[PDB]
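Colleague: First the structure, then my questions, so here it is.
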Ligand SMILES: O=C(O)c1cccc(O)c1
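In the authors' numbering, the protein residues as written are 27 to 334.
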């Protein structure tokens, strides 16, 4: 079978490379019986559209933001608790935990997809066209976000003016003043060159940004038993590989952003004042897995079970 695999990420992005690597290995491991055609850069639609077509089976596979999935399955919102992870290495350990993996079990019924495992992109950061010396400076700023509720809620609690916008429009929106600031990770700040019209780069690491490898449940049900196992295991391997890329490259891409002639500062949880508390109140009755995920995160840190 010729499977199609969609992503919203541009071609240089880690996810896109991982999807191509997965496709190559599936072709080889299947002895040519199967192939994967990868469609990056939103070629097949936006992420919401792609999830709709995974649900029907019109689209076979995706490497998808857990952000979009959370629009369908609000418990996925638990991963976005601010400062749940202290850094990318902590985040990877959380996403590999039994607690996280258990949350995948609901996807076939609730979203019509099989989630094989979690990967990630980098941590979230903030880039602004003006000076930012405290959280008050974010008040009223038109601030680009990924279109999902956890991040909307964080910025609403801070009093910014969050504005959902897909990746391709962001550089132009900054250049032309349609937004004053953006929420984005260091990989894409580098790749999309969004620092060019920014004043200040804030390395806040305020939220993680998981990825999930998805197979349409309708398509999965049509696979042989051997292929269900082989394809899901192979996809899980490639999705998991992204965690190791970010564990290595996050600080490298971050250091690159000290070389673009802008004001560069690192901030921690205290910078955000009461927004973190407000976020917890909003999400307490929306994401029941949150207390267990917090316990898992805390135990991983206490037992030093990742590189730190
Ligand atoms: O900021 C985003 O919307 C985004 C979406 C996908 C991957 C990624 O690194 C970032």
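For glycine and all other residues, C-beta sits at the position ideal for the given N, C-alpha and C.
So residue 104 and residue 326 are supposed to be a Cβ contact under 8 Å. How far apart are they, rounded?
Modeller: Incorrect: roughly 15 Å between the Cβ atoms, too far for contact.
Colleague: Comparing alpha-carbon positions, which option in 115, 45, 72 and 97 lies nearest residue 323?
Modeller: Measuring from the Cα of residue 323, the nearest candidate turns out to be 115.
Colleague: Select from 278, 245 and 321 the residue whose C-alpha is nearest the C-alpha of residue 30.
Modeller: Comparing Cα-Cα distances from residue 30 to each of 278, 245 and 321, the minimum goes to 245.
Colleague: Whole angstroms is fine: what's the gap from residue 192's alpha carbon to residue 173's?
Modeller: For residue 192 and residue 173, the distance between alpha carbons rounds to 8 Å.
Colleague: Once you ignore the five residues that flank residue 260 on each side, which residues in its own chain have a CB closer than 8 Å to its CB?
Modeller: Result list for residue 260: 48, 51, 52 and 55, in chain order.
Colleague: Does the beta-carbon distance from residue 228 to residue 171 come in below 7 Å?
Modeller: No, the Cβ-Cβ distance between residue 228 and residue 171 is not below 7 Å.
Colleague: DSSP three-state call for residue 209: helix, strand or coil?
Modeller: Strand, per DSSP.
Colleague: Assess, as a yes-or-no matter, whether the stretch 201 to 208 is touched by the stretch 151 to 169 under the definition of 3 or more beta carbon pairs within less than 8 Å.
Modeller: Yes: the two stretches touch, three or more of their Cβ pairs being nearer than 8 Å.
Colleague: According to DSSP, simplified to helix, strand and coil, what is residue 69?
Modeller: Residue 69: coil per DSSP, three-state reduction.
Colleague: Report whether the distance from the Cβ of residue 198 to the nearest heavy atom of ligand 3 is below 6 Å.
Modeller: Among the ligands present in this structure, namely ligand 1, ligand 3 is not found.
Colleague: Could you check if residue 147 belongs to the surroundings of ligand 1, using beta carbon to heavy atom distance under 6 Å?
Modeller: Answer for residue 147: yes, Cβ within range of ligand 1.
Colleague: Since residue 240 and residue 141 should fall inside the 8 Å C-beta cutoff, what is the C-beta to C-beta distance between them, to a whole number of angstroms?
Modeller: Yes, residue 240 and residue 141 are in contact; Cβ-Cβ is about 6 Å, under 8 Å.
Colleague: Following a CB-centred definition, is residue 337 positioned closer than 6 Å to any heavy atom of ligand 1?
Modeller: Within the shown structure, residues of the chain are numbered from 27 to 334, placing residue 337 beyond reach of any answer.
Colleague: Considering only the alpha carbon of each residue, which of 37, 33, 41 and 186 lies closest to residue 263?
Modeller: Ranking the options by Cα distance to residue 263, first place goes to 41.
Colleague: Secondary structure at residue 267, three-state DSSP: helix, strand or coil?
Modeller: It is helical.
Colleague: Under 7 Å between the Cβ atoms of residue 161 and residue 299?
Modeller: The answer is yes: Cβ separation under 7 Å.
Colleague: Starting from the C-beta of residue 201, find all residues in its chain whose C-beta is less than 6 Å away, skip the five residues before and the five after it, and write them out in chain order.
Modeller: Around residue 201: 223.
Colleague: Could you tell me which residues DSSP puts in a beta bridge with residue 87?
Modeller: Looking at the DSSP assignment, residue 87 forms a beta bridge with 31 and 241.
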